[PDB]
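Okay, so here's just one chain, in structure tokens, the form deposited in one PDB entry.
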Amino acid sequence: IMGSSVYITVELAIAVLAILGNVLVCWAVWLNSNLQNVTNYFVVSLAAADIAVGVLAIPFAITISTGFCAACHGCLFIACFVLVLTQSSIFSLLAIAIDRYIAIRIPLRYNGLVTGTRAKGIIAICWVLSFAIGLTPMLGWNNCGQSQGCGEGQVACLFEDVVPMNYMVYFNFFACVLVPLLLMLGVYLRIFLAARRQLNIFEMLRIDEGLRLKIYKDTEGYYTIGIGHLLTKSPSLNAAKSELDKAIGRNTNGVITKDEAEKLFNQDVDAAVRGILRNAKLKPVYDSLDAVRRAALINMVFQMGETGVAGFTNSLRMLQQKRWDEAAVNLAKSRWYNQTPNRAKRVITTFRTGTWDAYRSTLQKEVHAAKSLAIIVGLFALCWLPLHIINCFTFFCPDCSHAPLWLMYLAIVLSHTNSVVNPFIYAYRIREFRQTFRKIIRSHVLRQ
């Protein structure tokens, strides 16, 4: 066996899987409506880039490993085309990170901000930039436009001979790869840290009622901000903003910080507690509860009012008798539960257990999917960094012994493997993909 016949076989095998695997990803999104969200718009674009790697980039890699004589610019295309595909991938991974960001920290305006129309727009633009960036050497930044054994008008097509290293290190690596990766690292880290935030009465209603940092109109058209904090019933945004500046103690222009929204909420809680203590029915029960169960009672007052909660004569009684399970069953038979089952179910769980479980679960499911996608970026980095780092060595230490050929082509094979791993990850960690794959393979591929 030859030392190259292996290189060629291995890379042809990689190409077949790259194509088959990523065709399957696109196939699923087309068939399944539950995979036709905006997030998978970028997954498909990413899958497209990986298919193109198996079809063109890899054959180009093999062709160029011969060092054959070719025209300058024609040689640059074969060598640089893969850079186009790589850049596109970067943009796709970055857009996924951001998408998951404003979907987990700012859920209230995700669908009004992230739309299919805009996604397609951003994708189209990113493909243009990818060509502009990947084919920059073709635009003039090269080493042939000014070489023997090939005759004039031609040069031996060796990567390091035609593609400037200062381009590969400064522009390609540092600016176009390194920066996005670190940016994607910061975004995911912030997503994760948010799911591990410390829970309390503020984070409790932030989930049940939502958080707004810009003045908005409530269900009945009243100016409101923060967590359900009504400013005024006057039909004037101007007047609403003036009320806000009075409460905050500064010129807000209709926008406050998270912290400031919390101070308003704290005040709202204090008032509710005072109202509860003036009520002869609620006081005995409130006083007998622990801190967490009190928050669940305050939660109900924020929704139904103090007179409303005081109507639960029997459920309240059980609560003071610490008959948590009985109270739960009874509260479940209410018209309140029938109206808002999700919110009520969480509040009731809080009465049952006396923990923040119901609210911690919401955050841990609202992030589990982002872990799957984050793994995608980690593997990309792992598959591409080695090659980038070797370039830096060659570049920064000119008179050192160059990396041996075996190591060089090993880093190249590795980077190509990155176009195979994604489909496997979707199968293992994402349920709706796995189920669609099984359906496709069994029905359309085996045909039964």
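Here the rigid core means the biggest group of C-alpha atoms that line up within 1.5 Å when the two forms are laid on top of each other. Just count from 1 along the sequence shown to find any residue number.
The following text describes the form deposited in another entry, which does not appear among the structures shown.
**Student:** Only one of 201, 370, 328, 165 crosses a C-alpha shift of 2 angstroms between this form and the one not shown, counting 2 angstroms or more, core aligned. Which residue?
**Tutor:** Result of the superposition: 370 is the only one at 2 Å or more.
**Student:** Answer yes if the Cα of residue 70 shifts by 2 angstroms or more between this form and the one not shown on a rigid-core superposition, and no otherwise.
**Tutor:** Shift of 2 Å or more: no.
**Student:** What happens to the Cα distance from residue 111 to residue 370 in the other form: does it get closer or farther than here, with a change of 3 angstroms or more?
**Tutor:** Farther is correct, given that in the other form the C-alpha spacing of residue 111 to residue 370 is increased by at least 3 Å.
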